[PDB]
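What's in data_36.tsv: TSV, C-alpha atoms and all ligand atoms
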```tsv
chain	number	residue	atom	x	y	z
A	2	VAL	CA	38.26	-1.48	24.11
A	3	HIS	CA	40.32	-2.78	27.02
A	4	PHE	CA	37.24	-3.36	29.17
A	5	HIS	CA	35.33	-5.37	26.53
A	6	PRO	CA	38.19	-7.45	25.03
A	7	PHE	CA	37.57	-9.94	22.22
A	8	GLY	CA	41.07	-10.64	20.95
A	9	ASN	CA	41.78	-10.68	17.23
A	10	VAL	CA	38.42	-12.06	16.11
A	11	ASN	CA	36.82	-10.47	13.04
A	12	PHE	CA	33.10	-9.97	13.66
A	13	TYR	CA	32.54	-9.02	10.02
A	14	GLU	CA	33.87	-12.36	8.73
A	15	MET	CA	31.75	-14.44	11.10
A	16	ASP	CA	28.39	-16.03	10.42
A	17	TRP	CA	25.88	-14.81	12.98
A	18	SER	CA	23.11	-17.32	12.32
A	19	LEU	CA	22.75	-18.25	15.97
A	20	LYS	CA	21.48	-21.59	17.24
A	21	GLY	CA	20.92	-23.36	20.54
A	22	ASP	CA	19.37	-21.75	23.62
A	23	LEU	CA	18.59	-18.21	22.44
A	24	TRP	CA	15.83	-17.01	24.77
A	25	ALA	CA	17.14	-13.84	26.37
A	26	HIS	CA	16.16	-10.40	27.57
A	27	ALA	CA	18.77	-7.63	27.75
A	28	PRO	CA	21.82	-9.79	26.94
A	29	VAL	CA	25.45	-8.64	27.24
A	30	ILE	CA	28.55	-10.51	26.09
A	31	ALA	CA	32.10	-11.12	27.27
A	32	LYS	CA	34.86	-13.39	25.98
A	33	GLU	CA	37.61	-14.96	28.07
A	34	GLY	CA	40.06	-17.19	26.28
A	35	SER	CA	38.19	-19.36	23.79
A	36	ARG	CA	34.87	-19.13	25.66
A	37	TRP	CA	32.05	-16.67	24.96
A	38	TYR	CA	29.57	-15.74	27.68
A	39	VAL	CA	26.14	-14.12	27.68
A	40	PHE	CA	24.59	-12.65	30.81
A	41	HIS	CA	20.93	-11.73	30.69
A	42	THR	CA	17.78	-11.00	32.66
A	43	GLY	CA	16.43	-13.86	34.75
A	44	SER	CA	16.57	-15.65	38.08
A	45	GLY	CA	19.77	-14.60	39.84
A	46	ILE	CA	21.07	-13.40	36.45
A	47	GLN	CA	21.12	-16.12	33.79
A	48	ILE	CA	24.27	-17.24	31.99
A	49	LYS	CA	24.82	-18.78	28.55
A	50	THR	CA	28.14	-19.93	27.09
A	51	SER	CA	29.45	-20.64	23.59
A	52	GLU	CA	32.62	-21.93	21.92
A	53	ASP	CA	32.24	-19.83	18.78
A	54	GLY	CA	29.71	-17.19	19.78
A	55	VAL	CA	27.17	-18.71	17.41
A	56	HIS	CA	26.02	-21.90	19.19
A	57	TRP	CA	24.70	-21.02	22.65
A	58	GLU	CA	23.90	-23.26	25.60
A	59	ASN	CA	22.30	-22.29	28.89
A	60	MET	CA	24.54	-22.67	31.89
A	61	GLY	CA	23.83	-21.63	35.47
A	62	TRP	CA	23.33	-18.26	37.11
A	63	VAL	CA	25.25	-15.76	39.24
A	64	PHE	CA	23.22	-15.79	42.47
A	65	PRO	CA	21.69	-19.12	43.54
A	66	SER	CA	20.11	-17.14	46.39
A	67	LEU	CA	19.53	-13.37	46.43
A	68	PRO	CA	21.50	-11.18	48.89
A	69	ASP	CA	19.45	-9.93	51.83
A	70	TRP	CA	20.35	-6.28	51.22
A	71	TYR	CA	18.01	-6.14	48.22
A	72	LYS	CA	15.13	-5.96	50.69
A	73	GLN	CA	16.48	-2.70	52.10
A	74	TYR	CA	15.88	-1.06	48.71
A	75	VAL	CA	13.04	-3.07	47.17
A	76	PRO	CA	11.06	-4.62	50.07
A	77	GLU	CA	8.12	-5.35	47.76
A	78	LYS	CA	10.10	-7.66	45.46
A	79	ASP	CA	8.71	-11.20	45.74
A	80	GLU	CA	10.53	-13.06	42.95
A	81	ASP	CA	14.20	-13.63	42.07
A	82	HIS	CA	14.59	-12.10	38.60
A	83	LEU	CA	17.50	-9.66	38.29
A	84	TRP	CA	17.42	-7.37	35.23
A	85	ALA	CA	19.62	-6.15	32.39
A	86	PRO	CA	23.18	-6.94	33.47
A	87	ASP	CA	26.29	-5.19	32.17
A	88	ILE	CA	29.76	-6.73	32.07
A	89	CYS	CA	33.23	-5.20	31.83
A	90	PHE	CA	36.79	-6.37	32.55
A	91	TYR	CA	39.18	-4.18	34.55
A	92	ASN	CA	42.35	-4.86	36.54
A	93	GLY	CA	41.94	-8.62	36.12
A	94	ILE	CA	38.43	-8.50	37.57
A	95	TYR	CA	35.05	-8.90	35.90
A	96	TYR	CA	32.49	-6.35	37.06
A	97	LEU	CA	28.88	-7.41	36.60
A	98	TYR	CA	26.30	-4.73	37.27
A	99	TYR	CA	22.62	-5.65	37.41
A	100	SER	CA	19.21	-4.25	38.37
A	101	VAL	CA	17.01	-5.14	41.35
A	102	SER	CA	13.50	-3.72	40.92
A	103	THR	CA	9.77	-4.36	40.42
A	104	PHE	CA	7.99	-3.74	37.10
A	105	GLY	CA	6.54	-0.25	36.82
A	106	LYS	CA	8.14	1.20	39.96
A	107	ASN	CA	11.30	3.24	40.49
A	108	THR	CA	12.06	1.76	43.91
A	109	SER	CA	15.19	0.16	42.47
A	110	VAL	CA	18.88	-0.44	43.02
A	111	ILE	CA	21.81	-1.39	40.82
A	112	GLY	CA	24.06	-3.99	42.41
A	113	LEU	CA	27.59	-5.19	41.66
A	114	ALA	CA	28.97	-8.72	41.54
A	115	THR	CA	32.66	-9.39	40.79
A	116	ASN	CA	34.66	-12.46	39.76
A	117	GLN	CA	38.33	-13.09	39.02
A	118	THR	CA	37.32	-15.26	36.06
A	119	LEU	CA	34.29	-16.29	34.02
A	120	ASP	CA	35.32	-19.97	33.78
A	121	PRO	CA	33.61	-22.17	36.44
A	122	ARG	CA	36.32	-24.79	35.96
A	123	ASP	CA	38.88	-22.43	37.52
A	124	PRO	CA	39.44	-22.57	41.30
A	125	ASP	CA	39.17	-18.77	41.49
A	126	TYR	CA	35.66	-18.76	40.02
A	127	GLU	CA	33.32	-17.13	42.54
A	128	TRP	CA	30.75	-14.41	42.01
A	129	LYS	CA	31.10	-12.19	45.05
A	130	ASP	CA	28.29	-9.90	46.21
A	131	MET	CA	29.91	-6.48	46.27
A	132	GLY	CA	26.74	-4.63	47.19
A	133	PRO	CA	24.68	-1.66	45.90
A	134	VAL	CA	26.06	0.89	43.44
A	135	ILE	CA	23.27	3.45	43.21
A	136	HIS	CA	19.53	3.40	43.92
A	137	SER	CA	16.26	5.25	43.49
A	138	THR	CA	13.29	5.61	45.83
A	139	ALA	CA	9.75	6.63	44.89
A	140	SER	CA	10.74	10.21	45.70
A	141	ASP	CA	13.54	10.32	43.12
A	142	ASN	CA	12.96	11.57	39.58
A	143	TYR	CA	14.84	8.68	37.98
A	144	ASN	CA	14.94	4.88	37.96
A	145	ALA	CA	18.07	2.99	39.01
A	146	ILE	CA	18.08	0.13	36.50
A	147	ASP	CA	19.77	-0.69	33.16
A	148	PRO	CA	23.43	-0.02	33.98
A	149	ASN	CA	26.28	0.33	31.50
A	150	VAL	CA	29.88	1.11	32.29
A	151	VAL	CA	32.13	2.89	29.85
A	152	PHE	CA	35.69	4.15	30.30
A	153	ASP	CA	36.30	7.44	28.51
A	154	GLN	CA	39.43	8.15	26.45
A	155	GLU	CA	41.16	9.38	29.61
A	156	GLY	CA	40.59	6.09	31.43
A	157	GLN	CA	37.81	7.43	33.65
A	158	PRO	CA	35.02	4.90	34.30
A	159	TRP	CA	31.45	6.21	34.02
A	160	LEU	CA	28.11	4.57	34.74
A	161	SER	CA	25.07	5.38	32.64
A	162	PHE	CA	21.64	3.98	33.50
A	163	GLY	CA	17.98	4.89	33.59
A	164	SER	CA	14.49	3.96	32.51
A	165	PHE	CA	11.54	6.34	32.19
A	166	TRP	CA	10.97	9.14	34.73
A	167	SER	CA	13.60	11.84	34.01
A	168	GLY	CA	15.43	9.55	31.59
A	169	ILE	CA	19.05	8.53	31.08
A	170	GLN	CA	21.49	9.37	33.86
A	171	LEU	CA	25.29	9.55	33.94
A	172	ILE	CA	27.66	9.47	36.91
A	173	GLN	CA	31.42	9.10	37.44
A	174	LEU	CA	32.76	5.96	39.09
A	175	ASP	CA	35.97	5.73	41.12
A	176	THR	CA	38.54	3.30	39.68
A	177	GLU	CA	39.25	1.68	43.04
A	178	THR	CA	35.70	0.88	44.13
A	179	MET	CA	34.09	1.02	40.69
A	180	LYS	CA	31.22	2.80	42.45
A	181	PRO	CA	30.30	6.50	42.47
A	182	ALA	CA	31.88	8.71	45.11
A	183	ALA	CA	29.33	9.58	47.81
A	184	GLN	CA	29.22	13.15	46.51
A	185	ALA	CA	29.42	12.42	42.78
A	186	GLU	CA	27.02	14.48	40.68
A	187	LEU	CA	24.22	12.68	38.84
A	188	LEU	CA	23.62	14.13	35.38
A	189	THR	CA	20.65	13.54	33.06
A	190	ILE	CA	21.84	13.05	29.46
A	191	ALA	CA	18.86	11.85	27.42
A	192	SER	CA	15.08	12.18	27.54
A	193	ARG	CA	12.13	11.87	25.18
A	194	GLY	CA	10.71	14.99	26.80
A	195	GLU	CA	7.40	13.11	26.70
A	196	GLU	CA	5.16	11.59	29.39
A	197	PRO	CA	5.59	8.79	29.97
A	198	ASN	CA	9.27	9.19	29.11
A	199	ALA	CA	9.87	6.02	27.07
A	200	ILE	CA	13.66	5.86	26.93
A	201	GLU	CA	15.87	3.32	28.68
A	202	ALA	CA	18.69	0.77	28.45
A	203	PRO	CA	21.58	3.15	27.65
A	204	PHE	CA	24.88	1.91	26.23
A	205	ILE	CA	27.82	4.21	25.53
A	206	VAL	CA	30.86	3.48	23.38
A	207	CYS	CA	33.69	5.68	22.16
A	208	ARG	CA	34.81	5.60	18.55
A	209	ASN	CA	37.16	8.02	16.81
A	210	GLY	CA	36.89	10.84	19.34
A	211	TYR	CA	33.12	10.54	19.67
A	212	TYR	CA	30.94	8.99	22.35
A	213	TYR	CA	27.88	7.21	21.02
A	214	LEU	CA	24.85	6.76	23.24
A	215	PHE	CA	22.54	3.96	22.17
A	216	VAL	CA	19.16	3.78	23.91
A	217	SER	CA	15.87	1.94	23.54
A	218	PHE	CA	12.82	4.00	22.59
A	219	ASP	CA	9.22	3.14	23.38
A	220	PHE	CA	7.83	-0.14	24.74
A	221	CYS	CA	9.06	-3.56	25.80
A	222	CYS	CA	7.61	-6.62	27.51
A	223	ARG	CA	4.53	-7.09	25.33
A	224	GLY	CA	5.54	-9.89	23.00
A	225	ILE	CA	4.61	-9.29	19.36
A	226	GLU	CA	2.98	-6.03	20.42
A	227	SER	CA	6.26	-4.54	21.70
A	228	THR	CA	7.22	-1.23	20.09
A	229	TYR	CA	10.91	-1.01	21.01
A	230	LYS	CA	13.24	0.87	18.66
A	231	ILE	CA	16.99	1.34	18.93
A	232	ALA	CA	18.16	4.97	18.67
A	233	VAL	CA	21.58	6.61	18.77
A	234	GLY	CA	23.16	10.02	19.29
A	235	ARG	CA	26.74	11.25	19.74
A	236	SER	CA	28.92	13.84	21.47
A	237	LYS	CA	32.58	14.82	21.63
A	238	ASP	CA	32.36	14.87	25.44
A	239	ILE	CA	31.19	11.99	27.63
A	240	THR	CA	28.85	14.37	29.46
A	241	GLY	CA	27.11	15.55	26.30
A	242	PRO	CA	25.29	17.08	24.65
A	243	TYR	CA	24.41	13.95	22.68
A	244	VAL	CA	22.85	14.93	19.39
A	245	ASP	CA	21.44	12.88	16.50
A	246	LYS	CA	21.98	13.14	12.74
A	247	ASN	CA	19.44	15.96	12.46
A	248	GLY	CA	21.20	18.01	15.11
A	249	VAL	CA	18.47	17.37	17.69
A	250	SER	CA	19.61	16.87	21.29
A	251	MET	CA	18.82	13.54	22.92
A	252	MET	CA	17.52	15.56	25.88
A	253	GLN	CA	14.72	16.74	23.59
A	254	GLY	CA	13.72	13.38	22.14
A	255	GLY	CA	16.58	13.39	19.66
A	256	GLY	CA	17.99	10.12	18.39
A	257	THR	CA	18.64	8.48	15.02
A	258	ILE	CA	16.76	5.20	14.64
A	259	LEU	CA	19.09	2.27	13.97
A	260	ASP	CA	16.50	-0.51	13.99
A	261	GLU	CA	12.72	-0.48	14.38
A	262	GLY	CA	12.26	-4.20	13.86
A	263	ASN	CA	10.08	-5.95	11.30
A	264	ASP	CA	7.32	-8.55	11.00
A	265	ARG	CA	9.62	-11.46	11.91
A	266	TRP	CA	11.76	-9.86	14.65
A	267	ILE	CA	9.60	-7.40	16.60
A	268	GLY	CA	10.67	-4.54	18.85
A	269	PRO	CA	14.48	-4.87	19.04
A	270	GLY	CA	15.81	-3.43	22.30
A	271	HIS	CA	18.33	-3.37	25.16
A	272	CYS	CA	21.41	-3.24	22.98
A	273	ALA	CA	25.12	-3.61	23.62
A	274	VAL	CA	27.95	-2.76	21.21
A	275	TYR	CA	31.36	-4.42	21.09
A	276	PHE	CA	34.46	-4.02	18.91
A	277	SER	CA	37.36	-6.18	17.76
A	278	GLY	CA	39.93	-4.55	15.52
A	279	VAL	CA	38.03	-2.77	12.76
A	280	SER	CA	34.89	-4.87	13.29
A	281	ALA	CA	31.95	-4.44	15.66
A	282	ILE	CA	28.70	-6.11	16.61
A	283	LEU	CA	25.32	-4.98	17.83
A	284	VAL	CA	23.83	-7.23	20.50
A	285	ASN	CA	20.18	-6.97	21.57
A	286	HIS	CA	17.00	-8.96	22.04
A	287	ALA	CA	13.94	-8.96	19.80
A	288	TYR	CA	10.54	-10.61	20.13
A	289	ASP	CA	10.12	-13.78	18.05
A	290	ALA	CA	6.93	-13.39	16.01
A	291	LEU	CA	7.27	-17.08	15.14
A	292	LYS	CA	7.64	-18.27	18.75
A	293	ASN	CA	4.98	-16.61	20.91
A	294	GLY	CA	6.93	-13.35	20.89
A	295	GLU	CA	9.61	-14.61	23.28
A	296	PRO	CA	12.62	-12.27	23.86
A	297	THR	CA	15.40	-13.65	21.66
A	298	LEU	CA	19.14	-13.01	21.45
A	299	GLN	CA	20.31	-11.18	18.32
A	300	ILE	CA	23.88	-10.53	17.21
A	301	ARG	CA	24.63	-8.65	13.99
A	302	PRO	CA	27.73	-6.97	12.56
A	303	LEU	CA	27.58	-3.21	13.01
A	304	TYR	CA	29.16	-0.93	10.43
A	305	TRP	CA	30.07	2.74	10.48
A	306	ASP	CA	29.72	5.17	7.58
A	307	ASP	CA	32.11	7.87	6.37
A	308	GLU	CA	30.48	10.43	8.68
A	309	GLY	CA	31.08	8.13	11.63
A	310	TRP	CA	27.47	7.03	12.15
A	311	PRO	CA	26.75	3.31	12.75
A	312	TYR	CA	24.45	1.23	10.56
A	313	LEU	CA	23.38	-2.40	10.23
A	314	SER	CA	24.14	-4.37	7.07
A	315	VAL	CA	21.50	-5.89	4.80
B	1	CA	CA	21.92	-2.72	29.15
```
If you convert what's in this file into structure tokens, what do you get?
Ligand SMILES: [Ca+2]
Amino acid sequence: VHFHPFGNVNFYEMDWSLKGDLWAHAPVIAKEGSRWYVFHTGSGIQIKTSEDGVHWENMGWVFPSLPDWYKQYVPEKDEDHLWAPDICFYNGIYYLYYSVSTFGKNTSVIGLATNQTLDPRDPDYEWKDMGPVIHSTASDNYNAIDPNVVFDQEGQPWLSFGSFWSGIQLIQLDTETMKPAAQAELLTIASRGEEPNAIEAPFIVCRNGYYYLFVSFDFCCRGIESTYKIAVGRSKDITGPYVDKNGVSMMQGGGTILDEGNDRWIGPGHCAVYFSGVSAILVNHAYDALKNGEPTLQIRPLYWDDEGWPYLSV
């Protein structure tokens, strides 16, 4: 995809036995030139870099000091952790969306930071605070966190996001501002139909005339007791209805489970999917049962069957 470019690398031929600094929650990846970059949850948005995409090293962060406008949306926030970023490349600019919120509340706001390049060595490197994208107050029936941008086949950028409450939301973005028009309609596209509504961290990709919505089911942030599961559904239209393998709509708890974790890597969640030629990778974090259940970066090749459904190799 033009907005998540990786060149001519072949993900299927690579060894994904990662090493280095791998602690990470809700990681996303981008490649510029010969450098790989991971952005994840943490103080001012944490950054990791790699030469090959296998050996990772912690670098700095996007915001050394948090913008004052956050307080207008989340006055109660007392720490500097920004959550689940999303990265895309468009018109020579890198758009980094992130979440500003407080655990358990829907008084949240998704912000946008842009940069001309991802390489700090370049004179043009500067993460600019481009303000709020969309927000939720306690009166809203949705939570404005966990953003993901996807450009449909027709070149139209869309923003999906959401966590609990009414579920996964979808809204059109304008190409110029890369923000929703003031009167853009907000549409709900996935929900467990349960209470609490444990669905979040949406990620949409388009493959062979189909849009695939990956989401995280159940619970996070509990170490080895996390119950996260990665689920997926698809639709011919970006707006839905997204349905799973059994024909069940994702608005009614539908979703085909891609990974439920195991006894070594618990509760895999907050995924991202990238392509390069005929290859693809699934990126996510999982709790390390061998290291105090710390959120750990995971990258695995992602295949697709004859029916078009994705699956992880063994
Ligand atoms: Ca995400």
Close residues to ligand CA 1 (chain B) using all atoms listed in the file, limit 10 Å, as a count of residues only: 37
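The spacing separating atom CA of residue 303 of chain A from atom CA of residue 276 of chain A amounts to 9.1 Å.
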Would you mind listing what lies within 8 Å of residue 55 of chain A as number ranges by chain, with only C-alpha atoms counted and same-chain residues fewer than 4 positions away left out? A: 16-20, 51
All residues 8 Å or closer to segment 241-255 of chain A, all atoms listed in the file, same chain fewer than 4 positions away omitted, as JSON, numbers by chain: {"A": [190, 191, 192, 193, 194, 195, 213, 214, 233, 234, 235, 236, 237]}
Of the listed residues A:58, A:307, A:80, A:261, that which approaches residue 38 of chain A most closely, counting all atoms listed in the file: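 The closest residue to residue 38 of chain A is A:58.
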Give the answer as one residue: which of A:40, A:104, A:7, A:96 has the shortest atom-to-atom distance to residue 117 of chain A, using only C-alpha atoms? A:96
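The smallest atom-to-atom distance between residue 186 of chain A and any of A:157, A:222, A:240, A:91, using only C-alpha atoms, is found for A:240.
The coordinates place atom CA of residue 174 of chain A at 5.4 Å from atom CA of residue 158 of chain A.
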For atom CA of residue 15 of chain A and atom CA of residue 301 of chain A, quote the distance in Å rounded to one decimal. 9.6 Å
Quick one: everything within 6 Å of residue 171 of chain A, counting all atoms listed in the file, minus sequence neighbours fewer than 6 positions away in the same chain. Send it as a PDB file with C-alpha atoms, in the frame of the given file.
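Saved file selection18.pdb follows:
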```
ATOM      1  CA  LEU A 160      28.110   4.570  34.740  1.00  0.00           C
ATOM      2  CA  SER A 161      25.070   5.380  32.640  1.00  0.00           C
ATOM      3  CA  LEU A 187      24.220  12.680  38.840  1.00  0.00           C
ATOM      4  CA  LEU A 188      23.620  14.130  35.380  1.00  0.00           C
TER       5      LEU A 188
END
```
For residue 151 of chain A, which residue out of A:165, A:257, A:275, A:218 is the nearest one, using all atoms listed in the file? A:275
